[PDB]
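Anchor point for the sequence shown: position 166 equals 149 in this note's numbering, and the numbering is continuous, going up by one each time. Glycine included, C-beta positions come from ideal geometry on N, C-alpha and C.
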Amino acid sequence: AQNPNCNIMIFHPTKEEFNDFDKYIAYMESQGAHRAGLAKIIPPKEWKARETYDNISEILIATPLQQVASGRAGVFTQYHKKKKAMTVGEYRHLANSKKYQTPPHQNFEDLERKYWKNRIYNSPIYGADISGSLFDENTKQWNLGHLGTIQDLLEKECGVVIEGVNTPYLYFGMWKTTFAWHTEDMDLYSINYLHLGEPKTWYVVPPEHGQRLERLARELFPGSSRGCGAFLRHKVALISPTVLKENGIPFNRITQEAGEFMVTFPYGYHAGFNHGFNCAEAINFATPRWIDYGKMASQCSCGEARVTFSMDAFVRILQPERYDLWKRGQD
Ligand SMILES: O=C(O)CNC(=O)C(=O)O
Ligand SMILES: [Mg+2]
Ligand code: NI
Ligand SMILES: [Zn+2]
């Protein structure tokens, strides 16, 4: 069995190996990459996402989210308070202000310590979940706006034609902006490209141990657990690496820098934070190996998780018994 300790693997494809996306994902899995839940891919040195980022400041963040924390430093929830629209140029200036900028630090480890110690005492503003792409249309390799769609994968594997579309999303981050512990909708893959700016630190639980994290989360967030049998789908709970270690939960960590891709694998729980002003782009995708995970994925039916149009068909075809109750949640 490849990668039995479920370590995060880092890949360096050549320009020739960068042509066929599906084939390279299948290669990484042949080496055990999926067992970690997360892999890093460093693009060939010849590749570029686009020529420059000099002209992005007029993108609108229509609903910036202020991430307000509750709890203790290592075990907290966050809620998202909607703020007035601002441009990317306005947001970058805000990120760089004395109130919100990254503090002085020695290295990534010192910054990680400061994040866990101090996150809860601040409310950073995240420009998340913005439909759009920063890949140049002429970039032919690993262009997240040109991937094969999940609807087409389901059709190729299972023969059923379904409605829905699959497009990327932009994330504009600042110091302390946070992504809570989650897997993807329908336990899909995700791919994330850090276009510019400061790094993003990731934490991940191997898929084979995902239920250990769920059981800890039910203990740590007991009212949330009673409210919903899949409350990590709400994407609100944080648990520190210190707490995870104290409770014996297997995980790994890695820092993504500008110019690098990360891939999350089906049912790989992940969480993390931004080091400073940055812009990432991400999209979900599927492979043949996903289908069985999609069939088994938990669902939030309490009504909180409220998700895309395209998830309807996935539930309806892969999870027909759940369909009824899940749609009551969505309506
Ligand atoms: O970058 C973020 O805020 C969150 N991204 C993801 O969870 C992902 O790419 O799967
Ligand atoms: Mg612009
Ligand atoms: Ni994710
Ligand atoms: Zn729920």
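- Task: Per DSSP, which residues does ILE133 bridge with? Please list them.
- Result: Against the sequence shown, residue 133 aligns to sequence position 150. According to DSSP, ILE133 bridges with nothing at all.
If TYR74 and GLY110 are in contact, beta carbons under 8 Å, what's the gap, nearest whole angstrom? Stepping through the sequence shown from its first residue, residue 74 is reached at position 91. Stepping through the sequence shown from its first residue, residue 110 is reached at position 127. Indeed, because the Cβ distance is near 6 Å, the residues count as touching under 8 Å.
TODO: Compute the minimum distance between the beta carbon of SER207 and the heavy atoms of ligand 2, and state whether it is under 7 Å.
DONE: Position 224 of the sequence shown holds residue 207. In this structure, the C-beta of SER207 stays at least 7 Å away from each heavy atom of ligand 2.
Cβ-heavy atom distance between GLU41 and ligand 2 below 7 Å?
-> To locate residue 41, count along the sequence shown from 1; it is residue 58. Checking the Cβ of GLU41 against ligand 2 gives yes.
Check your understanding: Three-state secondary structure (DSSP) at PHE214?
Key -> Taking the sequence shown and counting its residues from 1, the one referred to as residue 214 is at position 231. Looking at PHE214 - three-state DSSP - the assignment turns out to be helix.
| Between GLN124 and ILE174, what straight-line distance do the alpha-carbon atoms span, to the nearest angstrom? | Indexing the sequence shown from 1 puts residue 124 at position 141. Indexing the sequence shown from 1 puts residue 174 at position 191. Counting only the Cα atoms, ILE174 lies some 14 Å from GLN124.
Report task. Look at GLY180 and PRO26 and say whether their C-beta atoms are less than 8 Å apart. Result -> In the sequence shown, residue 180 corresponds to position 197, counting from 1. In the sequence shown, residue 26 corresponds to position 43, counting from 1. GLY180 is not a Cβ neighbour of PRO26, given a cutoff of 8 Å.
For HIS165, three-class secondary structure by DSSP: If you number the sequence shown from 1, residue 165 lands on position 182. Three-state result, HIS165: strand.
Let me check you understand the geometry: is the CB of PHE214 closer than 7 Å to at least one non-hydrogen atom of ligand 4?
Numbered from 1 along the sequence shown, position 231 holds the residue referred to as residue 214. For ligand 4, at least one heavy atom lies less than 7 Å from the Cβ of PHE214.
(message) I'd like to check one pair, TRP273 with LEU171: are the Cβ atoms closer than 8 Å?
(response) For the purposes of this step, residue 171 is taken as the residue at position 188 of the sequence shown. For the purposes of this step, residue 273 is taken as the residue at position 290 of the sequence shown. Yes. Within cutoff.
**Q.** 3-residue-minimum beta strand (DSSP E) runs that sit fully inside the stretch 31 to 71, ordered along the chain
**A.** Secondary structure remark: continuous beta strand (DSSP E) runs of at least 3 residues inside the stretch 31 to 71, in chain order: 48 to 55 and 58 to 65.
Subject >> First and last residue of the uninterrupted beta strand (DSSP E) at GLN239 >> reply: The residue labelled residue 239 in the question sits at position 256 within the sequence shown. Taken as a continuous stretch (DSSP letters only), the beta strand (DSSP E) holding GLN239 covers 235 to 239.
task: Mind listing which residues have their beta carbon within less than 5 Å of any non-hydrogen atom of ligand 4? Chain order is fine.
output: Residues with a Cβ closer than 5 Å to any heavy atom of ligand 4, in chain order: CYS211, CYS283, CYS285 and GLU287.
**Asked** Do you know how far the Cα of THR35 is from the Cα of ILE300?
**Response** Position 317 of the sequence shown, counting from 1, holds the residue named residue 300. Position 52 of the sequence shown, counting from 1, holds the residue named residue 35. For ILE300 and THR35, the distance between alpha carbons rounds to 42 Å.
### Task
Sort out for me which residues DSSP pairs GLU264 with in a bridge.
Here residue 264 corresponds to residue number 281 of the sequence shown, with the count starting at 1. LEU153 and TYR176.
Ranges of the alpha helix (DSSP H) found wholly within the stretch 83 to 146, counting only runs of at least 4: Listed in chain order, the complete alpha helix (DSSP H) runs (minimum 4 residues) inside the stretch 83 to 146 are 91 to 101 and 133 to 141.
Quiz prompt | Alpha-carbon spacing of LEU94 relative to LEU221, whole angstroms | solution = On the sequence shown, residue 94 is found 111 positions in, with the first residue counted as 1. On the sequence shown, residue 221 is found 238 positions in, with the first residue counted as 1. Roughly 17 Å separates the two Cα atoms.
ask   = Per DSSP, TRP158 is paired with what?
value = As a first step, residue 158 is located in the sequence shown; it is residue number 175 there, counting from the start. Beta-bridge pairing links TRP158 to no other residue.
- Message: If I measure Cβ to Cβ from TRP185 and keep anything under 7 Å in the same chain, skipping five residues before and after, which residues do I get?
- Response: Against the sequence shown, residue 185 aligns to sequence position 202. Cβ neighbours of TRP185 beyond the five flanking positions: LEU21, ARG236, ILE237, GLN239, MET245, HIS253 and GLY255.
request  = Kindly examine ligand 1 and report whether one of its heavy atoms sits closer than 7 Å to the Cβ of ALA263.
outcome  = The residue given as residue 263 occupies position 280 in the sequence shown. Remark: the shortest separation between the CB of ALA263 and any heavy atom of ligand 1 falls under 7 Å.
- Query: Beta carbon of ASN38: closer than 7 Å to some heavy atom of ligand 2?
  - Reply: Residue numbering aside, residue 38 sits at position 55 when the sequence shown is read from its first letter. Between ligand 2 and the CB of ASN38, the shortest heavy atom gap is smaller than 7 Å.
Going by the CB atoms, is the gap between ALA213 and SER281 shorter than 8 Å?
-> Indexing the sequence shown from 1 puts residue 281 at position 298. Indexing the sequence shown from 1 puts residue 213 at position 230. Annotated as proximal: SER281 and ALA213, with beta-carbon spacing under 8 Å.
- Item | C-alpha gap between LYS228 and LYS139, whole angstroms | Counting from 1 along the sequence shown, the entry for residue 228 is found at position 245. Counting from 1 along the sequence shown, the entry for residue 139 is found at position 156. The straight-line gap from Cα to Cα measures roughly 42 Å.
**OP:** Taking only heavy atoms of ligand 3 into account, decide whether any of them is closer than 7 Å to the Cβ of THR161.
**Re:** For the purposes of this step, residue 161 is taken as the residue at position 178 of the sequence shown. Flag unset: Cβ of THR161 not near ligand 3.
- Task: Take every Cβ of the stretch 153 to 173, pair it with every Cβ of the stretch 288 to 302, and state whether three or more of those distances are shorter than 8 Å.
- Result: Flag = yes, the stretch 153 to 173 and the stretch 288 to 302 touch.
Report task. Enumerate in chain order the residues of its own chain whose CB-to-CB distance from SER284 is below 6 Å, with the five nearest sequence positions on each side excluded. Result -> As a first step, residue 284 must be located in the sequence shown, where it is residue number 301. Excluding residues within five positions, the ones whose Cβ falls inside 6 Å are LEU308, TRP309 and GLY312.
Q | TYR186 in three-state terms, based on DSSP | A | Residue numbering aside, residue 186 sits at position 203 when the sequence shown is read from its first letter. Strand at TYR186.
Spatial neighbours of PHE91 within its chain, please: C-beta separation below 8 Å, excluding the five flanking residues on both sides. Residue mapping note: residue 91 aligns to position 108 of the sequence shown, counting from 1. Listed in chain order, the non-local C-beta contacts of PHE91 below 8 Å within the same chain comprise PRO182, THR184, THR238 and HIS258, local neighbours out to five positions each way being set aside.
Could you give the DSSP three-state label for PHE297: helix, strand or coil?
Reading the sequence shown from its first residue, position 314 is the one you call residue 297. Looking at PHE297 - three-state DSSP - the assignment turns out to be helix.
*Closest residue to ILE113 among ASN38, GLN14, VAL71 and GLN194 (Cα-Cα distance)*: Looking up residue 113 in the sequence shown gives position 130. Distances from the CA of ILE113 to each of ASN38, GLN14, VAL71 and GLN194 were compared; the closest alpha carbon is that of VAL71.
For this session: Below 8 Å CB to CB, which residues in the same chain sit around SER13 once its five sequence neighbours on both sides are set aside?
Result: Residue numbering aside, residue 13 sits at position 30 when the sequence shown is read from its first letter. Hits under 8 Å: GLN(-15).
task: Measuring alpha carbon to alpha carbon, tell me which of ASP295, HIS217 and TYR250 ends up nearest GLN61.
output: Walking along the sequence shown from the start, residue 61 turns up at place 78. Residue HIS217 is the option with its Cα nearest to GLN61.
Check your understanding: Per DSSP, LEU21 forms a beta bridge with which residues?
Key -> The residue given as residue 21 occupies position 38 in the sequence shown. Beta-bridge partners of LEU21 (DSSP): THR247.
Please find out if some non-hydrogen atom of ligand 5 comes closer than 7 Å to the beta-carbon of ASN149.
Ligands present in the displayed structure are limited to ligand 1, ligand 2, ligand 3 and ligand 4, and ligand 5 is not among them.
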